[PDB]
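Chemist: I am sharing data_27.txt, which consists of compact mmCIF, N, CA and C atoms:
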```txt
# COMPACT_ATOMS: atom_id res chain seq x y z
N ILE K 257 -6.75 13.22 79.60
CA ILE K 257 -5.58 12.74 78.89
C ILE K 257 -5.30 11.30 79.29
N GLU K 258 -4.48 10.63 78.50
CA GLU K 258 -4.06 9.27 78.77
C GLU K 258 -2.64 9.09 78.25
N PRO K 259 -1.92 8.07 78.73
CA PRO K 259 -0.58 7.83 78.20
C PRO K 259 -0.67 7.01 76.92
N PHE K 260 -0.28 7.63 75.80
CA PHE K 260 -0.26 6.95 74.51
C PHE K 260 0.92 5.99 74.55
N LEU K 261 0.66 4.82 75.13
CA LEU K 261 1.75 3.96 75.54
C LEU K 261 2.39 3.27 74.33
N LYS K 262 3.58 2.73 74.57
CA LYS K 262 4.35 2.06 73.54
C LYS K 262 3.57 0.89 72.93
N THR K 263 3.01 0.03 73.78
CA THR K 263 2.27 -1.14 73.32
C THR K 263 0.83 -0.84 72.92
N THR K 264 0.36 0.39 73.10
CA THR K 264 -1.04 0.69 72.82
C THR K 264 -1.39 0.55 71.35
N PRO K 265 -0.71 1.21 70.41
CA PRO K 265 -1.24 1.24 69.03
C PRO K 265 -1.15 -0.12 68.35
N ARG K 266 -2.30 -0.77 68.21
CA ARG K 266 -2.39 -2.05 67.55
C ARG K 266 -2.03 -1.88 66.07
N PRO K 267 -1.62 -2.96 65.40
CA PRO K 267 -1.42 -2.86 63.96
C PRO K 267 -2.73 -2.58 63.26
N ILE K 268 -2.74 -1.51 62.46
CA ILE K 268 -3.92 -1.17 61.69
C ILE K 268 -4.27 -2.33 60.78
N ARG K 269 -5.52 -2.77 60.86
CA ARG K 269 -5.98 -3.91 60.09
C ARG K 269 -6.42 -3.42 58.72
N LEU K 270 -5.78 -3.94 57.69
CA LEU K 270 -6.17 -3.63 56.34
C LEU K 270 -7.53 -4.27 56.06
N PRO K 271 -8.35 -3.67 55.19
CA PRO K 271 -9.62 -4.30 54.85
C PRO K 271 -9.39 -5.63 54.16
N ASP K 272 -10.39 -6.50 54.25
CA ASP K 272 -10.38 -7.80 53.61
C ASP K 272 -11.54 -7.90 52.64
N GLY K 273 -11.39 -8.76 51.64
CA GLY K 273 -12.30 -8.80 50.53
C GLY K 273 -11.58 -9.35 49.31
N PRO K 274 -12.06 -9.03 48.11
CA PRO K 274 -11.37 -9.50 46.91
C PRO K 274 -9.97 -8.93 46.81
N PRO K 275 -9.14 -9.45 45.92
CA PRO K 275 -7.81 -8.86 45.73
C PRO K 275 -7.84 -7.48 45.11
N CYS K 276 -6.83 -6.67 45.42
CA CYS K 276 -6.70 -5.36 44.81
C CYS K 276 -6.34 -5.51 43.33
N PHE K 277 -6.89 -4.62 42.50
CA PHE K 277 -6.70 -4.67 41.06
C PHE K 277 -6.20 -3.33 40.54
N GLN K 278 -5.36 -3.39 39.51
CA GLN K 278 -4.77 -2.20 38.93
C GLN K 278 -5.81 -1.37 38.21
N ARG K 279 -5.60 -0.05 38.20
CA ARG K 279 -6.47 0.89 37.51
C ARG K 279 -5.70 1.98 36.79
N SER K 280 -4.40 1.82 36.61
CA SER K 280 -3.62 2.85 35.97
C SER K 280 -4.03 3.00 34.52
N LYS K 281 -3.85 4.20 34.00
CA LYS K 281 -4.27 4.48 32.63
C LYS K 281 -3.32 3.84 31.63
N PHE K 282 -2.17 3.39 32.10
CA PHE K 282 -1.19 2.73 31.26
C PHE K 282 -0.32 1.89 32.17
N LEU K 283 -0.16 0.62 31.82
CA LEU K 283 0.69 -0.25 32.60
C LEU K 283 2.11 0.28 32.63
N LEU K 284 2.88 -0.23 33.58
CA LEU K 284 4.03 0.47 34.10
C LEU K 284 5.31 -0.35 34.07
N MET K 285 5.24 -1.64 34.42
CA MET K 285 6.44 -2.48 34.39
C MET K 285 6.48 -3.32 33.13
N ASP K 286 5.33 -3.83 32.71
CA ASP K 286 5.31 -4.86 31.67
C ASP K 286 5.33 -4.25 30.27
N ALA K 287 5.14 -2.94 30.15
CA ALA K 287 5.14 -2.33 28.84
C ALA K 287 6.52 -2.36 28.22
N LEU K 288 6.56 -2.17 26.91
CA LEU K 288 7.80 -2.07 26.16
C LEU K 288 7.59 -1.08 25.03
N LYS K 289 8.69 -0.67 24.41
CA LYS K 289 8.68 0.42 23.45
C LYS K 289 9.41 0.02 22.18
N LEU K 290 8.71 0.16 21.05
CA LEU K 290 9.32 -0.04 19.75
C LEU K 290 10.08 1.21 19.34
N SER K 291 11.40 1.14 19.44
CA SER K 291 12.24 2.29 19.15
C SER K 291 12.09 2.72 17.69
N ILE K 292 12.64 3.90 17.40
CA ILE K 292 12.71 4.44 16.05
C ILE K 292 14.11 4.31 15.47
N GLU K 293 15.11 4.01 16.31
CA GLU K 293 16.51 3.91 15.90
C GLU K 293 17.05 5.25 15.40
N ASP K 294 16.90 6.28 16.23
CA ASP K 294 17.71 7.49 16.16
C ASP K 294 17.60 8.23 14.82
N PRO K 295 16.46 8.87 14.56
CA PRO K 295 16.32 9.68 13.34
C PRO K 295 17.22 10.91 13.36
N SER K 296 17.12 11.67 12.27
CA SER K 296 17.90 12.88 12.12
C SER K 296 17.41 13.96 13.07
N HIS K 297 18.06 15.12 13.00
CA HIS K 297 17.76 16.22 13.91
C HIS K 297 16.88 17.29 13.29
N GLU K 298 16.85 17.38 11.96
CA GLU K 298 16.02 18.37 11.29
C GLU K 298 14.64 17.85 10.93
N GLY K 299 14.47 16.53 10.86
CA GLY K 299 13.20 15.98 10.43
C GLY K 299 12.19 15.93 11.55
N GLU K 300 11.28 16.90 11.56
CA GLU K 300 10.14 16.84 12.46
C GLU K 300 9.21 15.73 11.99
N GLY K 301 8.32 15.31 12.89
CA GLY K 301 7.39 14.26 12.57
C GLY K 301 6.04 14.43 13.21
N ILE K 302 5.00 14.45 12.38
CA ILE K 302 3.65 14.28 12.91
C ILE K 302 3.57 12.89 13.52
N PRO K 303 3.15 12.75 14.78
CA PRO K 303 3.54 11.56 15.56
C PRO K 303 3.08 10.24 14.97
N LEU K 304 1.97 10.24 14.23
CA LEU K 304 1.48 9.00 13.65
C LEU K 304 2.53 8.34 12.79
N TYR K 305 3.27 9.13 12.02
CA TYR K 305 4.21 8.54 11.08
C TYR K 305 5.42 7.96 11.80
N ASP K 306 5.84 8.60 12.89
CA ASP K 306 6.91 8.02 13.70
C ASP K 306 6.46 6.71 14.32
N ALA K 307 5.24 6.70 14.86
CA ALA K 307 4.68 5.46 15.38
C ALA K 307 4.65 4.39 14.32
N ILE D 257 44.54 4.95 -57.54
CA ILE D 257 45.05 4.99 -56.18
C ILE D 257 46.10 6.09 -56.06
N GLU D 258 46.40 6.46 -54.83
CA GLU D 258 47.42 7.44 -54.53
C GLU D 258 48.07 7.09 -53.21
N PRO D 259 49.27 7.61 -52.94
CA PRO D 259 49.89 7.34 -51.64
C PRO D 259 49.37 8.32 -50.60
N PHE D 260 48.64 7.79 -49.62
CA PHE D 260 48.11 8.60 -48.53
C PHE D 260 49.30 8.95 -47.64
N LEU D 261 50.01 10.00 -48.04
CA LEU D 261 51.33 10.23 -47.50
C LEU D 261 51.26 10.77 -46.08
N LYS D 262 52.40 10.70 -45.41
CA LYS D 262 52.52 11.15 -44.03
C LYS D 262 52.13 12.61 -43.88
N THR D 263 52.69 13.48 -44.72
CA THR D 263 52.41 14.91 -44.66
C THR D 263 51.11 15.32 -45.34
N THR D 264 50.41 14.40 -45.98
CA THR D 264 49.20 14.78 -46.71
C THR D 264 48.09 15.30 -45.81
N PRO D 265 47.64 14.58 -44.78
CA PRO D 265 46.41 15.01 -44.09
C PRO D 265 46.61 16.29 -43.30
N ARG D 266 46.06 17.38 -43.83
CA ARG D 266 46.13 18.67 -43.17
C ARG D 266 45.35 18.61 -41.86
N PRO D 267 45.63 19.51 -40.92
CA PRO D 267 44.80 19.58 -39.72
C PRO D 267 43.39 20.00 -40.08
N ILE D 268 42.42 19.19 -39.67
CA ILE D 268 41.03 19.52 -39.91
C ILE D 268 40.72 20.86 -39.25
N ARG D 269 40.16 21.76 -40.04
CA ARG D 269 39.85 23.10 -39.57
C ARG D 269 38.49 23.09 -38.91
N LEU D 270 38.46 23.45 -37.64
CA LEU D 270 37.21 23.57 -36.92
C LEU D 270 36.44 24.76 -37.48
N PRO D 271 35.11 24.72 -37.45
CA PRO D 271 34.35 25.88 -37.91
C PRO D 271 34.62 27.08 -37.02
N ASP D 272 34.40 28.26 -37.59
CA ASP D 272 34.56 29.52 -36.88
C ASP D 272 33.24 30.27 -36.88
N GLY D 273 33.06 31.13 -35.89
CA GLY D 273 31.79 31.74 -35.63
C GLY D 273 31.70 32.13 -34.17
N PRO D 274 30.49 32.25 -33.63
CA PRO D 274 30.36 32.58 -32.21
C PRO D 274 30.95 31.49 -31.33
N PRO D 275 31.13 31.74 -30.04
CA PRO D 275 31.61 30.68 -29.15
C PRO D 275 30.60 29.57 -28.93
N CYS D 276 31.10 28.37 -28.65
CA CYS D 276 30.23 27.25 -28.33
C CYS D 276 29.58 27.48 -26.97
N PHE D 277 28.32 27.06 -26.85
CA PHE D 277 27.53 27.27 -25.64
C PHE D 277 26.95 25.95 -25.15
N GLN D 278 26.85 25.82 -23.83
CA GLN D 278 26.35 24.60 -23.22
C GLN D 278 24.86 24.42 -23.48
N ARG D 279 24.44 23.17 -23.56
CA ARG D 279 23.04 22.82 -23.76
C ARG D 279 22.60 21.64 -22.90
N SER D 280 23.39 21.26 -21.91
CA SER D 280 23.03 20.11 -21.10
C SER D 280 21.78 20.40 -20.30
N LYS D 281 21.04 19.34 -20.00
CA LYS D 281 19.79 19.51 -19.28
C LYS D 281 20.02 19.83 -17.82
N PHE D 282 21.25 19.66 -17.36
CA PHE D 282 21.62 19.98 -15.99
C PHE D 282 23.11 20.20 -15.98
N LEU D 283 23.53 21.32 -15.40
CA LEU D 283 24.95 21.59 -15.30
C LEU D 283 25.65 20.52 -14.49
N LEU D 284 26.97 20.49 -14.64
CA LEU D 284 27.73 19.28 -14.40
C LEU D 284 28.88 19.47 -13.42
N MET D 285 29.61 20.58 -13.51
CA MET D 285 30.71 20.83 -12.59
C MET D 285 30.29 21.76 -11.47
N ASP D 286 29.51 22.79 -11.81
CA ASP D 286 29.27 23.88 -10.87
C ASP D 286 28.13 23.56 -9.91
N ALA D 287 27.37 22.50 -10.16
CA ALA D 287 26.27 22.17 -9.28
C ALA D 287 26.77 21.72 -7.93
N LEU D 288 25.88 21.75 -6.95
CA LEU D 288 26.14 21.26 -5.61
C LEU D 288 24.86 20.65 -5.07
N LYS D 289 24.99 19.93 -3.96
CA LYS D 289 23.90 19.12 -3.43
C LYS D 289 23.73 19.38 -1.95
N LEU D 290 22.50 19.74 -1.57
CA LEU D 290 22.14 19.88 -0.17
C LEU D 290 21.83 18.51 0.42
N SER D 291 22.77 17.99 1.20
CA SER D 291 22.63 16.66 1.77
C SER D 291 21.41 16.58 2.69
N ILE D 292 21.07 15.35 3.06
CA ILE D 292 20.02 15.07 4.03
C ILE D 292 20.60 14.68 5.39
N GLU D 293 21.90 14.38 5.44
CA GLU D 293 22.58 13.94 6.67
C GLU D 293 22.03 12.60 7.16
N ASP D 294 22.03 11.61 6.27
CA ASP D 294 21.99 10.20 6.64
C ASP D 294 20.74 9.81 7.44
N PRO D 295 19.57 9.77 6.81
CA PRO D 295 18.36 9.32 7.50
C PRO D 295 18.42 7.84 7.86
N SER D 296 17.33 7.38 8.48
CA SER D 296 17.22 6.00 8.89
C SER D 296 17.05 5.09 7.68
N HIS D 297 16.93 3.79 7.96
CA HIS D 297 16.86 2.79 6.90
C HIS D 297 15.44 2.32 6.63
N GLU D 298 14.52 2.47 7.59
CA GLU D 298 13.14 2.06 7.40
C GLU D 298 12.25 3.18 6.87
N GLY D 299 12.66 4.43 7.03
CA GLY D 299 11.81 5.53 6.63
C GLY D 299 11.90 5.83 5.16
N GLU D 300 10.92 5.35 4.41
CA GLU D 300 10.79 5.74 3.01
C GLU D 300 10.37 7.20 2.95
N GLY D 301 10.55 7.80 1.78
CA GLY D 301 10.20 9.19 1.60
C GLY D 301 9.68 9.51 0.22
N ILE D 302 8.48 10.06 0.17
CA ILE D 302 8.03 10.70 -1.06
C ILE D 302 8.96 11.88 -1.34
N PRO D 303 9.56 11.97 -2.53
CA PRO D 303 10.81 12.73 -2.66
C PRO D 303 10.71 14.20 -2.30
N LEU D 304 9.53 14.80 -2.45
CA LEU D 304 9.37 16.21 -2.13
C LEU D 304 9.77 16.49 -0.70
N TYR D 305 9.42 15.60 0.22
CA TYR D 305 9.67 15.88 1.63
C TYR D 305 11.14 15.75 1.96
N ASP D 306 11.84 14.83 1.30
CA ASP D 306 13.29 14.75 1.48
C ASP D 306 13.96 16.00 0.94
N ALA D 307 13.53 16.44 -0.24
CA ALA D 307 14.04 17.69 -0.79
C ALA D 307 13.79 18.84 0.17
```
Just give me the structure of the file as structure tokens.
Modeler:
Amino acid sequence: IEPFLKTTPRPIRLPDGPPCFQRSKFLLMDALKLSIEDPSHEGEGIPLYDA
Amino acid sequence: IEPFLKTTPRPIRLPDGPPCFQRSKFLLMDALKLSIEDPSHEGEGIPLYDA
């Protein structure tokens, strides 16, 4: 055994190399949405036509 | 000539026979309308689907 001392754990070094790049299937902050402006309640829609 | 006197013109006699019957292409007082409840302004509709 050893004393897992206060000053012992060094800061974990992150890898270095090229910059990290996004891989999400859909962007998250920069996206925006073209509203429909509140259709009726009985009118169902096959989604293409609403789009 | 003759004097078209005040008392001369008898009341025109309407014909007599069976009762008069409607022939309009669409009834007029008794009809009613199933509303759509105010759709949007951009959504055009081929009329069957609105009906």
Chemist: Write out as a list in words each polymer residue whose atoms come within 7 Å of segment 292-307 of chain K, counting only N, CA and C atoms; drop sequence neighbours fewer than 2 positions from it.
Modeler: residues 289 and 290 of chain K; 293, 294, 295 and 296 of chain D
Chemist: Using atom C of residue 274 of chain K and atom C of residue 287 of chain K as the two end points, give the distance in Å to one decimal.
Modeler: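 These two atoms are separated by 25.7 Å.
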Chemist: Figure out the distance between atom CA of residue 272 of chain K and atom CA of residue 260 of chain K, please, to one decimal in Å.
Modeler: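 These atoms are spaced 27.5 Å apart.
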Chemist: So how many Å separate atom CA of residue 284 of chain K and atom CA of residue 271 of chain K, to one decimal?
Modeler: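 Result for atom CA of residue 284 of chain K versus atom CA of residue 271 of chain K: 25.3 Å, one decimal.
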Chemist: Extract the full set of helix (DSSP H, G or I) residues from chain D according to DSSP on the backbone, and format it as a list in words.
Modeler: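 Output for chain D, helix (DSSP H, G or I) only: residues 303, 304, 305 and 306 of chain D.
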